[PDB]
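Number of protein chains: 2
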Amino acid sequence: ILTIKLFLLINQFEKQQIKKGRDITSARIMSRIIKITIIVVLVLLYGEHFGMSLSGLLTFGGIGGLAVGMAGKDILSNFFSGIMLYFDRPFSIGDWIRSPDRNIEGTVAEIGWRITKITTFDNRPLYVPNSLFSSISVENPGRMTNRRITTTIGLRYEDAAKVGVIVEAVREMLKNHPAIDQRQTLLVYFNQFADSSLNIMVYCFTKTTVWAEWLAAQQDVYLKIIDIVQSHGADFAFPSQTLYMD
Amino acid sequence: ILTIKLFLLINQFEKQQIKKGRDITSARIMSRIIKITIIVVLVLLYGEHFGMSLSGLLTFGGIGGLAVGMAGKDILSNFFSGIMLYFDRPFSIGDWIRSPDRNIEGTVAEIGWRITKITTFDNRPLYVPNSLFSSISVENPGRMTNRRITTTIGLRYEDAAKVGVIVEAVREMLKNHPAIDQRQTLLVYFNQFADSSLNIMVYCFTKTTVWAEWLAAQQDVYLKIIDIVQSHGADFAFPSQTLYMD
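From first to last, the protein sequence lines stand for chains E and F.
So the number in the entry's author numbering is just where the residue sits in the first sequence, counting from 1, plus 88.
So the number in the entry's author numbering is just where the residue sits in the second sequence, counting from 1, plus 88.
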């Protein structure tokens with residue numbers, strides 16, 4: 089009677105799957121698989137009243153369960169990480185996330201039990217297995233407080249007498265710029281002997297976090313830097329070489 | 089009687105395989121393998137009425153099942169991932185899919201219990217084990233909403249006085265182009281001091297998702313950009329060098 093009840097239940101499931109709309113052969117194969125699995129489980133559970141030697145079933149079930157346990161580790165790990173994400177999540181829907189270990193960059197669209205769906209920046213869907221969120225570092229640029237501007241000014245080696253005044257002028261310009269956050273790091277220093285130029289680092293932050301506003305402020309700063317450099321008699325350096333001719 | 093029944097059943101299977109058309113020696117070898125496997129399973133299951141010490145079979149079966157369990161992990165994992173794909177699939181037949189972790193690029197042709205068959209873009213079949221779809225990220229360009237156009241305009245360092253007007257002209261041209269989606273990102277800014285040029289980024293989207301239409305729109309935009317740049321007196325920059333002669 090137990091076998092009849094289980095068979096009728098999975099038969100109802102099978103016609104349910106068919107009515108949902110699916111290939112018939114696949115439904116038959118899945119129904120079989122469930123049939124054999126249920127039969128094996130019942131035989132192992134109900135194998136003493138009409139059963140066998142109590143040593144054979146132990147070994148057989150141990151081998152089968154051991155093989156199944158190592159075979160299904162990844163599928164179960166994904167769902168376990170999904171439960172963990174449900175309880176403790178480092179991001180929310182709509183957050184732009186990133187990782188230095190794997191390519192998962194994009195904005196979160198859906199968080200599921202098995203995979204997370206993320207919209208990339210070329211408008212494509214990306215499906216990430218949940219287990220990855222248990223072994224890699226996740227960065228959240230969507231929760232940033234400032235946008236950083238970093239650049240290098242490469243002057244000619246013959247402009248060594250004007251490095252200090254140029255550095256001071258650039259620092260003053262950055263300090264008086266209305267779009268620059270004055271409570272964050274602000275460094276302008278000459279710090280590198282390059283192959284063909286003397287390099288000056290520029291390192292600052294903007295108040296805004298909007299993409300277009302940050303880009304506009306960066307462009308304005310770059311143009312002002314060009315004007316400052318060219319007004320002091322210096323110039324930017326191309327790659328240079330010394331040629332000896334026969 | 090059980091052994092006779094099983095032997096006759098697998099013999100019928102063996103002649104079935106032969107009639108299907110296959111090498112005779114391979115069929116004999118497979119029949120043997122099944123013979124020995126069935127004999128071992130029956131001995132371990134039926135080893136108490138005429139059997140042995142109830143400690144030897146436990147150890148023997150444990151060792152055998154442990155070895156078999158670790159030996160067959162990959163084959164069973166592929167089928168488990170096939171079942172998972174049957175129930176929860178991130179793609180469908182005819183979808184162009186991709187992955188940043190492995191080379192599986194192509195359009196899905198068949199989804200099976202063990203492997204997935206994908207048609208590559210040089211018209212070749214590729215067979216991907218199903219377990220890969222449980223540990224890697226899958227991108228679906230076949231479900232994209234827009235096609236992206238990104239490029240860089242490199243102007244000469246002597247064209248620094250015309251960057252703003254060129255940027256404004258390019259932005260206006262992109263804003264008035266009938267093939268550009270105006271509800272998506274649209275950025276045109278000067279954002280890089282390159283080695284030999286000043287770089288302007290162009291970043292926009294098209295309404296269409298068709299390959300040929302997107303390529304045609306991109307070509308039209310590129311030609312218009314060339315005309316705009318050349319009409320303002322600027323020019324594109326080749327790699328440049330400064331040479332000092334003895």
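We put the beta carbon where it would ideally sit given N, CA and C, even for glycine.
Check: Mind checking which residues open and close the beta strand (DSSP E) that includes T330 of chain F?; Outcome: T330 to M333
Check: Give every residue of the same chain whose Cβ lies closer than 6 Å to the Cβ of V276 of chain F, excluding the five residues on either side of it in the sequence, and list them in chain order.; Outcome: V255, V258, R259 and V290
Check: Helix, strand or coil for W184 of chain E? Go by DSSP, reduced to three states.; Outcome: strand
Check: Quick one: which chain E residues come within Cβ less than 9 Å of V156 of chain F?; Outcome: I151, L154 and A155
Check: Can you tell me which of E:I112, E:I106, E:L130 and E:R116 puts its alpha carbon nearest to the alpha carbon of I89 of chain E?; Outcome: E:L130
Check: For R212 of chain E, does the count of other Cβ atoms within 10 angstroms reach 16, so buried, or fall short, so exposed?; Outcome: buried
Check: What are the residues of the region 242-255 of chain F that lie near chain E, defined by any Cβ-Cβ distance shorter than 9 Å?; Outcome: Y245, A248, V251, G252 and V255
Check: In or out: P266 of chain F buried (at least 16 other Cβ within 10 Å) or exposed?; Outcome: exposed
Check: For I126 of chain F, which residues in the same chain have their Cβ closer than 6 Å to its Cβ, ignoring the five residues on either side in sequence?; Outcome: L94
Check: Quick check: the Cα distance between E301 of chain E and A248 of chain F, rounded to an integer number of angstroms?; Outcome: 21 Å
Check: Assuming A325 of chain F contacts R235 of chain F (C-beta within less than 8 Å), just tell me the rounded distance between them.; Outcome: Their Cβ separation, rounded to whole angstroms, is 28 Å, which puts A325 of chain F and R235 of chain F out of contact at 8 Å.
Check: Should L331 of chain E and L331 of chain F be called a contact, given that it needs their Cβ atoms to be closer than 7 Å?; Outcome: yes
Check: Quick check on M140 of chain E - is its C-beta less than 7 Å from some C-beta in chain F?; Outcome: yes
Check: Would you check if the distance between the CB atom of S165 of chain F and the CB atom of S219 of chain F is smaller than 7 Å?; Outcome: yes
Check: Go ahead and label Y310 of chain F buried or exposed: buried means 16 or more other beta carbons lie within 10 angstroms of its beta carbon, across all protein chains shown.; Outcome: exposed
Check: Using a cut-off of 8 Å between C-beta atoms, extract the partners of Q329 of chain F located in chain E.; Outcome: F326, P327, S328 and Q329
Check: What is the DSSP secondary structure of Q270 of chain E, reduced to helix, strand or coil?; Outcome: coil
Check: I'd like to know whether the C-beta of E198 of chain F is nearer than 7 Å to at least one C-beta of chain E.; Outcome: no
Check: Here's the rule I'm using: 16 or more other beta-carbon atoms within 10 Å means buried, otherwise exposed. How should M172 of chain F be labelled?; Outcome: buried
Check: With DSSP run on the structure shown, which of helix, strand or coil describes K312 of chain E?; Outcome: helix
Check: With DSSP collapsed to three states, give me the class of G157 of chain F.; Outcome: helix
Check: Between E136 of chain F and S141 of chain E, is the Cβ-Cβ spacing less than 7 Å?; Outcome: yes
Check: Is there a Cβ of chain E sitting closer than 7 Å to that of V226 of chain F, yes or no?; Outcome: yes
Check: So, using beta-carbon positions, are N279 of chain F and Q306 of chain E closer together than 7 Å?; Outcome: yes
Check: Are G194 of chain E and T208 of chain E close, meaning C-beta to C-beta below 7 Å?; Outcome: yes
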